[PDB]
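Shown below, as structure tokens, is a lone chain in the form deposited in one PDB entry; questions about how it binds or moves come after it.
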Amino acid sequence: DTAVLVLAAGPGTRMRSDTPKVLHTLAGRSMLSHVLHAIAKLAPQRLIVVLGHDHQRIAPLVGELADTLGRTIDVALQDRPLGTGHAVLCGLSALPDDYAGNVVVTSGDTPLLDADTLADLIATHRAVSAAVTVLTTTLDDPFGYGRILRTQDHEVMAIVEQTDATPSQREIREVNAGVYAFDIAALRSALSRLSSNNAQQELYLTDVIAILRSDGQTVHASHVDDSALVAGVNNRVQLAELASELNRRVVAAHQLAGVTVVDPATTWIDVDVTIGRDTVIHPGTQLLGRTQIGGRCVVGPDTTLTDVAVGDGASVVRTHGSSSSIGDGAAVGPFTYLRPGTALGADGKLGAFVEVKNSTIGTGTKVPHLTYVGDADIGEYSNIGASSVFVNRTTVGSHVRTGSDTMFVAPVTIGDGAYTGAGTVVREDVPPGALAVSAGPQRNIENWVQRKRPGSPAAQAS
């Protein structure tokens, strides 16, 4: 029986942002959504988020996350950020006065924390019957973290903040994860003896360690070897660091499952993208949102995709694209732009310097050069000539061949098997199997250059 509190009420000063810290993203999810997903998995009885300026967030919690995760998540308010000890107090008010379960406390700013780390904490805390168990790690650069102070016997004495004591002695490398389990009555008790006479002048949660030690209670510290699972984010340097470690691990999972990623350091893959066996991802690539790739694909160099579905055996090279689908064996790129609502059928082709927006394109159809296709629908085994524009719902049949430089002034229907001359402005329906034209005839004006440009190419018309 446990209640979990997420502390998300701080000002996030060092982010230098008008966006609340806990809303800052990595791998496709805000830090708060990473944290709330880990806990939901653990499925505790009670789950509580402590908010300050409550409206720019209260909305995303529950409103997007408790429904999605299919559980209740309570919001508790802390009006002024008096400290992590004061934040816990406010979290406790959402529990009944007679609450008897355990209390787990975590920060909204530790995004790699996972269910398992949380479940072992709870299990250690029960196993040793502790008043407080705290997760610790060891780090080469310990700055900003509260340091674990141990007695002569390796007993946890206290936690000391960066700003406070450990004067010169900050050299300590065993750090506080900011992740705890507590007996409730020992928690209510220690919090009532908190004072704010310290370098930050705040009610620190960390002080509770030394206070329960004084009442000869049991304090257990529990070392997490994989430091990244408990790393904090207080600034944008630490954010990009952890984003990058999370990326390495998501890439590694895909590799081990049968995906060749040529260059992991420049391959960004959101948590949620799926990618099938034997596809190849070339450097300089981001796969974002709910993107899905089948097997045997080539994801070429310099491709950005957000919510794009790509079937088996398709090629997607230097493409910028979102909210679109690309069929089996289709070819896309290089230098191609897909806007939302693009659907390209199996074995379809979108070539170099082509943009498609809100359009349907049938199996084995080809748009290879320098063309814009918007709000149009196109059948199968058709061919759209180079340097053309769908001007905006235009309907094009199957096995159509349109000429280079045709303009389609919406709405127009071009029948199956129809053709269009090069340089045609199409303004009316074209029956099946007709040829549509508008360009006037070629007229050659002899010796024009000798007369009108008497230098350069004037030799050699000579």
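In this text, the rigid core denotes the largest set of C-alpha atoms whose superposition between the two forms falls within 1.5 Å. Residue numbers here begin at 1 and follow the sequence given.
Same protein, other form: the form deposited in another entry, not shown, and the subject of what follows.
Once the two forms are fitted on their rigid core, between the shown form and the other one the CA displacement reaches 2 Å or more only for 166 among 217, 363, 286, 166.
Superposition of the core reveals a Cα shift of less than 2 Å for residue 410 between the shown form and the other one. Taking the rigid core as fixed, one finds a CA shift for residue 51 smaller than 2 Å between the shown form and the other one. In the core-superposed comparison between the shown form and the other one, the C-alpha atom of residue 430 has shifted by less than 2 angstroms. Cα of residue 59 to Cα of residue 78: at least 3 Å shorter in the other entry than in the shown structure.
Between this form and the other one, the CA-CA gap for residue 86 and residue 59 narrows by 3 Å or more, being smaller in the other entry.
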